[PDB]
Amino acid sequence: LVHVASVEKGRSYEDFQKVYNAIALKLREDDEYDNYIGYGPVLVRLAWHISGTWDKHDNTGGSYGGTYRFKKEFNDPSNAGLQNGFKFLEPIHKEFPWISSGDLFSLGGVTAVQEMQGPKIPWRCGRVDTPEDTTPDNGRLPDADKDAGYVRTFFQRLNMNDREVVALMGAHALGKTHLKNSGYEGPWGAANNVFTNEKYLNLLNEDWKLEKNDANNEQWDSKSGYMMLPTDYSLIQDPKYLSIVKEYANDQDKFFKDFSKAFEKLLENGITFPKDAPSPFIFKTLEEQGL
Ligand code: HEM
């Protein structure tokens, strides 16, 4: 498969900045969701799950075709709870019907990170909606009950290396786990809707204990009332991942720079951009615009 990026006809930077603005204003307004965490966390989870289905071997899956809109992918067990992020974005798509699904789902992830005080993420437009038979089969997204070898191998299918994987996993300081969605329950840390290097500090400084939760799954719980997945615990069990964890724990700006590079790579996997294509856009925040 080849997937060539095609800009939505006649649209420029200013059109996409208006879709970003609409997502950012609604994030501000619907502040009460999930006990006042807001929708920022589930929107960056949605952007990673529509991108995480990519397979480098045959170019299937990934963000291009916007196939999460189809039933097979929408009802994948691994996507449980993302229906909330979808319903958030739906009035926004009615307001700007010209944007493709893949572009809207991925831009929601970018808008969430920047509005939660994260780094600027360069974003490219041009994903094109593809038919229901291009929808990937369930089962390509990663299990949580596994170790650092599983993690390294999994992320190789998206050709992410060690530094990219540890930077990406920094997103597990956002939001929380929910028993009814995944069989895991608890907050990741103290600041769950502001983007920081907190995951790495908790990984190095908390007194973590292995326990079973009410769904019979194992998770690591700390004295502070925080939890972590087995796959997050991996990052301090593997010697290569651990030196990168330490690096991000001591330097939030290095974490922001690397997360920014790896998250854009993730959202662009499987997409060929022509060089007539516009450069990646850097959107201004509401605050930068005085809105
Ligand atoms: C081995 C990799 C990964 C596994 C196994 C994994 C698994 C999970 C699970 C089980 C949850 C809890 C879902 C729930 O109960 O609602 C979760 C939440 C979340 N994940 Fe991941 N994750 C992985 C990678 C990532 C990456 C790479 C990102 C983003 C760049 C990410 C972002 C998030 C966010 C923001 C949440 C919180 C969502 C919310 O608050 O509703 N995860 N993850």
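Counting begins at 1 with the first residue displayed.
Determined via X-ray crystallography, 2.0 Å.
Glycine is no exception: its Cβ is also placed from the backbone N, Cα and C atoms.
The site 'Transition state stabilizer' annotation in Swiss-Prot covers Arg45. Neighbour list (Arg45 (site 'Transition state stabilizer'), Cβ cut-off 8 Å, at least 6 residues apart, same chain): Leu82, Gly85, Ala171, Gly175.
As annotated by Swiss-Prot, active site, proton acceptor applies to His49. For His49 (active site, proton acceptor), the Cβ neighbour count at a 10 Å cut-off comes to 21, with all displayed protein chains included.
Marked as phosphotyrosine by Swiss-Prot on the basis of a large-scale study or a structure entry: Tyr150. According to its DSSP assignment, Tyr150 (phosphotyrosine) is helical. Here the Cβ of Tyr150 (phosphotyrosine) has 15 other Cβ atoms within 10 Å, regardless of which shown protein chain they belong to.
Long-range Cβ proximity for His172 (heme b binding site), meaning a same-chain Cβ under 8 A and a gap of 6 or more residues, is found for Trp188, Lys199, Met228, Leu229, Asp232. Taken from Swiss-Prot, the feature heme b binding site covers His172.
In the three-state DSSP assignment, the secondary structure recorded for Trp188 (active site, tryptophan radical intermediate) is coil. Residues annotated as active site, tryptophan radical intermediate in Swiss-Prot: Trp188.
Only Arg45 of the recorded positions listed as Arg45, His49, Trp188 bring a Cβ under 6 Å of any atom of ligand 1; the order follows the sequence. Calculated from their C-alpha atoms, the gap between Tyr150 (phosphotyrosine) and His49 (active site, proton acceptor) amounts to 18 Å. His49 (active site, proton acceptor) carries a helical DSSP state (H, G or I).
DSSP assigns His172 (heme b binding site) to a helical segment in the three-state reduction.
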